[PDB]
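Residue numbers (the UniProt record's numbering), protein chains in the order written: chain A, 2 to 205; chain X, 1 to 121; chain Z, 1 to 38; chain V, 52 to 151; chain L, 4 to 42, 49 to 88, 94 to 110, 119 to 125, 133 to 169, 175 to 178; chain D, 15 to 48. By construction, the Cβ of each residue, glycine as well, lies at the ideal position given by its N, Cα and C atoms. In what follows, a structure is listed as C-alpha cells, so that the remarks can point back to it.
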Amino acid sequence: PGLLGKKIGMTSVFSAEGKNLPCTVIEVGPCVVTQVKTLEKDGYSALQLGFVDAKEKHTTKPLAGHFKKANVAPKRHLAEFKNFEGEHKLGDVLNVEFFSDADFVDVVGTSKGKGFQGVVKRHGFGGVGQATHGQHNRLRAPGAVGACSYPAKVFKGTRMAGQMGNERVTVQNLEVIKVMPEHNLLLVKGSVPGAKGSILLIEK
Amino acid sequence: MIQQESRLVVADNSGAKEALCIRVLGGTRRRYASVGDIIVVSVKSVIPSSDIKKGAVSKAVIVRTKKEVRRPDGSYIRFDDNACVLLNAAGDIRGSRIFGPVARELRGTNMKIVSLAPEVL
Amino acid sequence: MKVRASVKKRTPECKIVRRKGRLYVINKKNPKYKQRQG
Amino acid sequence: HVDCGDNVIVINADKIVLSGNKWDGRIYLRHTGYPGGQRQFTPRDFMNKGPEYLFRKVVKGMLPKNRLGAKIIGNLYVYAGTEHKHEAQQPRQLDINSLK
Amino acid sequence: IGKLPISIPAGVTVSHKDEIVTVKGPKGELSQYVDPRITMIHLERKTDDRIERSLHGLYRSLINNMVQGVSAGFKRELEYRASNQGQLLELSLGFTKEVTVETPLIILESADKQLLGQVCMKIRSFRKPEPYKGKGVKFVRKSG
Amino acid sequence: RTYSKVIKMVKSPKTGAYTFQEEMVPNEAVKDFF
RNA sequence: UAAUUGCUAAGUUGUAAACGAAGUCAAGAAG
RNA sequence: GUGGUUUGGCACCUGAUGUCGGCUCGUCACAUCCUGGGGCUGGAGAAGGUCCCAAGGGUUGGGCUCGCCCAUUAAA
RNA sequence: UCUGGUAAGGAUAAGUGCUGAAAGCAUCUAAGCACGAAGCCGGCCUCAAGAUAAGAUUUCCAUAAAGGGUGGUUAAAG
Ligand SMILES: [K+]
Ligand SMILES: [K+]
Ligand SMILES: [Mg+2]
Ligand SMILES: [Mg+2]
Ligand SMILES: [Mg+2]
Ligand SMILES: [Mg+2]
Ligand SMILES: [Mg+2]
Ligand SMILES: [Mg+2]
Ligand code: NA
C-alpha cells in the first residue's frame with residue numbers, strides 16, 4: 002500500500018539527541034481512489050489512486066468519462082497500489098496520515114537523465130593506460146570487447162556506452178522523520194531519485 | 001586521509017621525527033586512514049641519540065589530519081598537519097609526552113592514555 | 001569415509017550395502033573402515 | 052504442401068502417462084543467449100505450467116519444421132478436464148486406440 | 004517370516020478396506036497401505058519373485074508391528095537437567119499427542142513404532158555420546 | 015541466557031507425518047509457541 | 001504401433017582398461 | 001588408465017593466419033585459496049591433517065624482473 | 001551523504017536417521033517417512049504482450065480542439 006508524492010527538496014534538521022539529519026521533503030497530498038480492481042473482474046486486487054488536480058482543458062474525453070464514473074474531480078497522475086489493509090470504495094480520500102504509523106518507507110522515482118554516456122561514467126571503466134607514457138587516443142576507451150576467433154562474437158550483456166539515467170529506481174528503507182498532516186508533508190531521512198517536482202511513489 | 005607513502009609528523013617524545021606510512025590496516029583495498037586509525041610506518045628521521053632507530057618498522061595511531069573530519073553533531077575539525085603517535089607491540093604509547101593537540105575521536109578509540117595531550121579538540 | 005575404486009570387507013564385522021546406486025562398506029564397531037564407490 | 056488435416060481437441064490431458072523415471076529424469080535444455088545461460092526443466096515442470104505446454108512441446112518436434120508445420124501446430128487444442136467450448140463445430144469423437 | 008500367522012488378540016480388531024487397512028485396538032488406531040500384489050491375519054504372496062517376496066515380508070512385519078502397537082504398545086528409556099511439564103522443547107544440556123513421556134532418565138511410550146523411533150532419535154540428536162569422555166544422550175570410548 | 019530453542023511436532027501438510035518445526039524464542043515467550 | 005519366444009530396469013540402449021560388487025537370468029560341479 | 005597444461009614426434013590447413021610481457025575489458029571450467037555443509041583421525045578442548053559435497057560471491061599494495069622479498073588480508 | 005547485500009519458503013548434495021523385507025539376523029531403501037549447504041527454483045530490484053499464444057480492466061468514439069500529425073513557448077527530457 003502507498004500514496005503518490007512530489008519531491009520538494011532537501012534540507013538538514015537536528016534530531017532530539019543532537020544529530021544533523023539530512024532530510025527530503027515530500028508533498029504526499031490527498032490521493033483519491035478512482036478505480037477498485039477485483040479478482041472477479043480484473044484478476045487481481047488493487048486500488049488506483051489519482052494525485053494532482055487537473056483541468057478539463059488537459060483531460061481527454063476517455064479519461065474525463067473515467068473520472069466521471071469515479072465521481073471525482075479529474076486528476077493528473079494515476080498509479081496502482083496493492084495489499085491495502087481495510088476496505089476502500091470509489092472516491093475515497095487518503096492523506097499523509099496513512100504513513101503516521103510507519104518507521105520506514107520505500108520510495109520509487111525516476112532518476113535524473115544523463116543522456117548518452119561513455120563507459121567511464123556509465124560503468125566505471127578504468128580507462129586504457131595512463132595519461133602519458135605513450136598514450137595516443139584511448140584514455141576513455143573501453144579496451145577489448147571480446148576474445149579471439151573461438152567465440153568469434155561479442156557476448157550479450159557486454160557493458161558499452163549508451164543512455165544512462167532517466168529510469169525507474171527504488172530506494173529502500175528510508176527512515177521517516179515526521180508526518181505533517183496540516184501541509185500534507187512527509188519528511189524522510191536521506192535522498193530520493195529524481196529532480197525537484199518529480200512524481201514519487203511512497204510505499205509503506 | 002592518509003595513504004601509503006604519506007609522510008607524517010611524529011607527535012610524541014620518542015626519538016622519531018618523521019614517519020612514512022607503509023600500510024593502512026583494516027581490510028583489503030582499504031585506502032585511507034583518519035584520526036584514530038592504526039597504520040604501519042617506517043621511521044624516516046630521528047633526533048641524535050634516539051631510542052628508536054632510523055628505518056625501524058613500527059605501528060602508529062593517527063592523531064591529526066589535514067583533511068577535515070566530520071562529527072555526528074554536524075561539526076568538523078581539521079588541522080594544519082598530519083601527525084601520528086608510535087606504538088609498541090602491545091599497542092601502547094612508546095613515549096611519555098604528546099606535542100600539539102589531538103582529535104577528540106581518540107577518546108573512543110580505546111586510546112585513552114593519549115590524555116597526555118596538552119589539549120583535546 | 002574413504003573413496004576408492006575397489007571396496008572389500010577386510011573384516012568379518014564389515015558389511016556391504018547398496019544405497020541409491022552406490023556401494024558402501026559399513027562397520028558400526030569401528031567407523032574408520034567405511035568406504036564407498038564400489 | 053497444403054494444410055489438409057483435422058483440428059484435434061484433446062481432453063483429459065492431465066491423465067497422460069510417462070513410463071520409467073521420465074517425469075523428473077528427462078532433462079530438457081534451453082539457452083537464454085547470454086553467457087552461462089543454459090537452463091534445465093522437466094516434463095513435470097511443463098505439466099505444472101499446464102498440459103497444453105507439454106503437449107505442444109511434444110507435438111512440435113513430430114511436426115515438419117517449416118511454415119506449414121508452424122501453422123499446423125495451431126490446430127491443436129489441449130484441455131485438462133472434459134469441459135471445452137467448441138459448439139457449432141460439432142467435433143466427432145475419435146477413438147484414439149482405433150488408429151494404428 | 005512373512006508367512007507366519009498374525010493372531011489378533013482380545014480387544015484389538017483389524018479391518019481391511021480399500022488398501023487403507025486399519026487396525027483399531029485398545030491403545031489407538033493405526034493404518035497401513037498394502038499393495039495389490041499383497042493379500049487371524051494370513052499373508053498371501055501372489056508370486057515368488059524377489060519384489061513380491063520382499064513386499065510380502067515387509068507388509069507382514071508392518072501388520073505385526075501394528076498389532077503389537079494397539080495391543081501392548083511400546084516404550085523406550087533414555088538417559094544436564096530435564097523437564098516434565100512441557101514436552102516440546104524443555105531440556106537443558108548446553109545453552110538456550120499419540121505419545122506419553124515420564125519424568133535423569135526419560136521413558137517414552139507410544140503405539141506407532143516409526144513415530145517413537147523418530148522422536149527418540151530427535152531427542153538423542155541434541156547431544157550424541159562423546160568418544161573423548163562419556164557424556165551426552167544415551168539409551169538406557176577412547177582415551178584422549 | 016533468555017533465548018531458548020523451541021521445537022514443536024506438527025502434522026505434515028503434504029504427506030501427513032508428525033514433522034518438527036524449530037525456532038528461537040525468549041524464555042518468557044515460550045507460552046505463545048507452546 | 002506385424003506375429004511368436006526370451007533378456008534388460010540401467011533411458012543401459014535406440015551412434016575404454018586393470019580392478020570391485022556380484023543386480024539379474026540361465027547351465028552345471030563338489031559338499 | 002585419464003588429460004593434453006611440459007619436453008617431443010608427424011608435416012595435414014595457411015598472391016602474409018604478422019609480434020613476448022604489461023594495460024583494458026571480460027567469459028568459462030573445477031583439479032576449492034576464502035566463505036558454507038559433512039565423514040575419518042594416531043580428533044581430550046583448542047589448533048590442525050586427510051577425504052567427500054559444493055563454483056554463489058569474493059580473491060591487496062609495494063621493492064625487484066617463473067621466482068625472491070616487504071607490509072597486509074577471510075583469502076591473496 | 002543516504003540506502004542495499006541478511007534469513008532460508010520449496011526441492012535437494014555429501015552425509016545423519018526412523019520403520020523394514022529380499023536374506024527367521026543385519027541393513028537409511030527395495031514400499032513408505034524425517035532431516036540435511038553460500039549450491040538449485042523462488043522471495044528482492046529493473047525490463048518485459050512483435051508473449052504473431054500479439055493478454056486484461058476503465059472510459060471515449062471522427063473534426064473541432066474521439067483521438068492525432070504538422071506548428072509555436074520551452075524543459076531538471078535529449
Ligand atoms: K562462433
Ligand atoms: K550415427
Ligand atoms: Mg538530462
Ligand atoms: Mg585515469
Ligand atoms: Mg604514441
Ligand atoms: Mg593523445
Ligand atoms: Mg607424406
Ligand atoms: Mg589472400
Ligand atoms: Na547414455
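Residue nearest to residue i in terms of C-alpha spacing, selected from the options
{"i": "A/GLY166", "options": "A/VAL37, A/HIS78, A/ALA196", "result": "A/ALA196"}
{"i": "A/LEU202", "options": "A/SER13, A/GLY110, A/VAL37, A/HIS67", "result": "A/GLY110"}
{"i": "L/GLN77", "options": "L/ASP21, L/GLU138, L/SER106", "result": "L/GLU138"}
{"i": "A/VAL29", "options": "A/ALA142, A/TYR151, A/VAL108", "result": "A/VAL108"}
{"i": "X/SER50", "options": "X/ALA103, X/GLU105, X/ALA16, X/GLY26", "result": "X/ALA16"}
{"i": "A/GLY158", "options": "A/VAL146, A/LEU5, A/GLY114, A/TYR151", "result": "A/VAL146"}
{"i": "A/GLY114", "options": "A/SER199, A/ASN21, A/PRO152", "result": "A/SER199"}
{"i": "X/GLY26", "options": "X/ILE39, X/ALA60, X/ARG104", "result": "X/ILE39"}
{"i": "X/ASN13", "options": "X/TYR32, X/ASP37, X/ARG94", "result": "X/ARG94"}
{"i": "L/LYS84", "options": "L/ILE135, L/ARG95, L/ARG69", "result": "L/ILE135"}
{"i": "L/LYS119", "options": "D/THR16, D/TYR17, D/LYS25", "result": "D/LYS25"}
{"i": "L/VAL37", "options": "L/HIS65, L/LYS142, L/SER177", "result": "L/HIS65"}
{"i": "A/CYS24", "options": "A/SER192, A/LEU79, A/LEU5", "result": "A/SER192"}
{"i": "X/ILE22", "options": "X/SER34, X/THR28, X/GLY36, X/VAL43", "result": "X/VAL43"}
{"i": "A/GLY66", "options": "A/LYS42, A/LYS90, A/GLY87, A/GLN36", "result": "A/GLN36"}
{"i": "L/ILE4", "options": "L/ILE11, L/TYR68, L/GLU124, L/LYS157", "result": "L/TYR68"}
Closer than 8 Å to chain A by CB, residue i
{"i": "X/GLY74", "result": "yes"}
{"i": "V/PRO86", "result": "yes"}
Test: residue i CB closer than 8 Å to a CB of chain X
{"i": "A/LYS190", "result": "no"}
{"i": "A/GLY19", "result": "yes"}
Minimum Cβ-Cβ distance from residue i to chain L less than 8 Å
{"i": "D/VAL20", "result": "yes"}
Interface flag, residue i vs chain D, CB-CB below 8 Å
{"i": "L/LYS142", "result": "no"}
{"i": "L/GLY100", "result": "yes"}
{"i": "L/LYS151", "result": "yes"}
{"i": "L/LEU103", "result": "yes"}
{"i": "residue 131 of chain L", "result": "The structure shown gives no position for residue 131 of chain L: in chain L, residue numbering passes from 125 to 133 with nothing in between."}
{"i": "L/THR25", "result": "no"}
{"i": "L/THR122", "result": "no"}
Proximity below 8 Å, CB of residue i to CB of residue j
{"i": "D/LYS19", "j": "D/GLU42", "result": "no"}
{"i": "L/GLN101", "j": "L/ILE72", "result": "no"}
{"i": "L/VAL26", "j": "L/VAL121", "result": "no"}
{"i": "X/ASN82", "j": "X/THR65", "result": "yes"}
{"i": "X/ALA90", "j": "X/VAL69", "result": "no"}
{"i": "L/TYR94", "j": "L/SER70", "result": "no"}
{"i": "X/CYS84", "j": "X/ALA117", "result": "no"}
{"i": "L/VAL15", "j": "L/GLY31", "result": "no"}
{"i": "V/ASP75", "j": "V/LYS122", "result": "no"}
{"i": "A/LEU175", "j": "A/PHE105", "result": "yes"}
Beta strand (DSSP E) segment containing residue i, residue limits
{"i": "L/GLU61", "result": "Element bounds for L/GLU61: not the beta strand (DSSP E) but the alpha helix (DSSP H), 59 to 80."}
{"i": "X/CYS84", "result": "83 to 87"}
{"i": "A/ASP107", "result": "105 to 111"}
{"i": "D/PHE47", "result": "No beta strand (DSSP E) contains D/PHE47, which is instead part of the alpha helix (DSSP H) from 44 to 47."}
{"i": "A/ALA71", "result": "No beta strand (DSSP E) contains A/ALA71, which is instead part of the alpha helix (DSSP H) from 62 to 71."}
{"i": "A/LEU50", "result": "47 to 51"}
{"i": "X/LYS17", "result": "16 to 24"}
{"i": "A/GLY114", "result": "114 to 118"}
C-beta neighbour in chain V for residue i, strict 8 Å
{"i": "A/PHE126", "result": "no"}
{"i": "A/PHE100", "result": "no"}
{"i": "residue 1 of chain A", "result": "With chain A running from 2 to 205 in the structure shown, residue 1 of chain A is simply not present."}
The alpha helix (DSSP H) enclosing residue i, as first and last residue numbers
{"i": "V/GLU103", "result": "102 to 110"}
{"i": "L/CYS149", "result": "142 to 153"}
{"i": "V/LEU119", "result": "118 to 123"}
Ligand 5 site residues, beta-carbon cut 6 Å against heavy atoms:
A/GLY135, A/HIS137
Nearest-residue set for ligand 1, Cβ under 7 Å from any heavy atom
A/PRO152, A/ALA153, A/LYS154
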